[PDB]
Each structure stands twice: as C-alpha cells, then as structure tokens.
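In structure tokens, the next block holds one chain alone, the form deposited in one PDB entry.
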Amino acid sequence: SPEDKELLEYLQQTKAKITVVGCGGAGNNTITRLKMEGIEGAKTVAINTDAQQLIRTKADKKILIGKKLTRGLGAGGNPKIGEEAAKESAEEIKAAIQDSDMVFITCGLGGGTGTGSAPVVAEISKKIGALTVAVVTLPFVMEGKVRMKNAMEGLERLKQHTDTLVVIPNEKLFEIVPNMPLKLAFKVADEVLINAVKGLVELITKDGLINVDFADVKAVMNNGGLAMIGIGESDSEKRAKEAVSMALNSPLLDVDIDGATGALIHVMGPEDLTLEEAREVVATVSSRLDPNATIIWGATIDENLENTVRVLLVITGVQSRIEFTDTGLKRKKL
C-alpha cells in the first residue's frame, strides 16, 4: 500500500529536519546569507512585515506576515505590531515549519517585526512539537533605551515558548574589537550571528569525526534555559588549547558558567583536525560547568579554515545566573 510504503520509508529517515526562520530585517538578512553561504541541511523561511525587505531577501520560503494589519509596509519599530502581524498569519507560519523536527528562530531584538513575531513563531513551533531554539541578539547601547527595553521584553516573551534561547548582546562585540566604527558594528554582529546559527545547525547536521545523536541534542537543548555563546579560535599549533580558552573567555559568554548544566560544543578545524583536540576542547569545558552537565559535542572539518580550528560554545541554563532588567542582561547578584 502507498500508506505502508510511506510508513516504511519514514523509518528510514536518517537526518533530522531543521528549518531556520529569520524575522524582520536583520533576521531576513541572516537568512539571506545562510541561503547563499549554504546552511548544511536546513530549509530557510524568512518572514517580514515589510514587503520590500522580504523581496530583496533570499530564502527557501518567504512569508509576508501582517498583510491586513500592516499592508506590506513594515511594523514601524513596534513590537505590538510585529506580534499581531504574526498572530494574524499563524496558520501560514505554522504551515512552513510544520514538518520540522527542529526549528531555529533568529532575529535582531529591538525592532517591531522580529521582537514581536519571534515569540509567536516560537510558540507555534512548540505546539507542533518541534525543538524550538532561538539564536537572537540584543541591540547595541548606542541604539538607545527604547530599542533595548523593547528587546528585553521580547526576550522575556521569547523565553516562554522556547526550548533553549541563545542571547548574543551586541554590546560585548565592542569588548572584542574595542574601537569599532558603527559601520562594522553591524557587520561584526552579522558575522557572530551567522556563526552561532550555522555552527549549531552543522554541529547537528554536518558529518564529523563523531556521530552526534539528535536524540541527545533534543535532550539537552530541550532544557537549555537561557544560553550564551563563546567563540574562539587559534591560528597557532596548540590550537585546541588556545581556541577553547579564547572561547571560554569571549566577552560574549558574559555569565558565570560554574553552575551550568548542558553545553553544545562544536570544534571545526582543517582536515588535520584530531578527535583528541576535540576532546581537549570538551574537557577544558567540562571542567568548568556543574559536575553533571550534559555536554553535546561534535567535530567537523572545514575546507576554508586554513590552519585554524574555531570553537563555538553554547553554555545552557544560565538564566539563574543573569538578571533581566529592561536595560539589558545584568550578570546576577545573589
């Protein structure tokens, strides 16, 4: 029977179905790059309340949300509209992430479409029973108080309908290249973003020097509460050791990780990458979290990655370590 045959086939699926949804201009901007630089095994869905941005975007599926609310003309920086536009198009959004086993909601918090629609796309995803993960940034302080109070509130809302929520405070990007002209500001942030997102998807989707079990990912990530990134990499010949300290020290991991469970580690390096450098990476890390943290890791080889090995680090469940003030992420004072 065509139903039995279909059933049989189902059992043969070997790969997890990952869909990436970018919201608003920045999120669409991100989707456009993954769609070009390629995002190993993942479909891209861009959703915007602004038709012009949506149109100049490159994605697998485009959805103009808020068609009656907005008119294809933007949400004017208003999270309330981003939200209704998304609520108004729930069906359509859900129909795009419907078959995904895992869904990543990415965007720049602070605007109206992203800040308002991300929590909506997230709650819709959770309903269809998918692994809901958000890799989202916080505005630069230069952008002002209203942009951040809005970003904060969005983060809070996004917290409730998210399995794991990865926050990247653009402000620390300045702790990485101190005298950056706002120009690069958003170009650096663009980079960090595409890394955090691609680093995570491939860690789960790209064949490495280890089989990384989606069932494990789902296990851990199912409870990443509030996670934070760490990126590091060494040109030198003591790579692993330097790439993981860089990472463990990135100003992006702006949190006290001592009391942290779960972690996802992706070491990427050239063909001369060793399962041992990977392990070095993993233990230097394991050595700093709760003694029982569940750690997911993988190791992939990157063509264009010269003599270097990057080390993406996603430390989860740090929400008790942080303070959600409507002025930003404040490292908790107990």
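For clarity, a rigid core is taken as the largest C-alpha set superposing within 1.5 Å between two forms. Quick note: we count residues from 1 along the sequence shown, nothing fancier. Shifts are known only where both forms have a C-alpha.
Although not depicted, the form deposited in another entry is the subject of the following passage.
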Legend entry - Exceeds or equals 2 Å, Cα of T325 between this form and the one not shown, core fit: no
Legend entry - Cα-Cα shift for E6 and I128, closer or farther in the other form, minimum 3 Å: farther
Inset, instruction - Just say closer or farther for the C-alpha distance from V212 to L8 in the other form, relative to the shown form; it changes by 3 Å or more. - result: closer
Legend entry - Core-superposed comparison between this form and the one not shown, runs of at least 3 residues with CA shifts of 2 Å or more: 1 to 15
